[PDB]
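Comments concern the structure below.
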Amino acid sequence: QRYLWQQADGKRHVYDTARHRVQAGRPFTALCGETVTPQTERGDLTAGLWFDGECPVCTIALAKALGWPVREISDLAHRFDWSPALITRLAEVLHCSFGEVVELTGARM
Ligand SMILES: [Zn+2]
């Protein structure tokens with residue numbers, strides 16, 4: 001498995017095992033491009049205690065990276081609430097326009 005989940009900075013992010021090794025107190029850069037530090041006191045190093053919500057940008061980015069059809073990624077995207085900052089970041093990660101992410105994610109408003 002090239003990609004694994006890892007809770008850090010209050011969300012379950014995904015990371016590329018070819019580029020990072022997870023260690024307590026050490027930063028890594030997740031698929032969403034956020035640099036995050038797992039901490040033992042937050043339960044980050046104990047998988048049975050991962051209670052944070054999933055990182056929406058990492059989730060969508062993982063599906064895209066596993067080669068999902070755009071319709072399926074869209075259904076997946078619809079189960080998150082997308083702030084404008086989340087749309088912008090996903091746009092940067094998918095390397096597409098803001099308008100295409102709005103369409104993909106069903107973000108209204
Ligand atoms: Zn993330």
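Quick note on naming: the chains in the structure tokens go A, B, ... in the order shown, residues restart at 1 in each chain, and ligands are numbered from 1 in order of appearance.
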
_Within 10 Å of ligand 1, counting only C-alpha atoms and all ligand atoms, residues as a PyMOL selection string_ = chain A and resi 5-9+11-15+29-36+54-62+86+89-90

*Using backbone DSSP assignments, extract all strand (DSSP E) residues from chain A; output them as a PyMOL selection string.*
chain A and resi 3-8+11-16+28-29+35-36

*Selection: 10 Å around residue 83 in chain A, only C-alpha atoms, excl. self and same-chain fewer than 4 positions, as number ranges by chain*: A: 87-88, 107-109

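When the distance limit is 12 Å and only C-alpha atoms are what count, the residues near residue 75 in chain A, minus those fewer than 5 positions from it on the same chain, are residues 60, 63, 68, 69, 70, 80, 103, 104, 105 and 106 of chain A.
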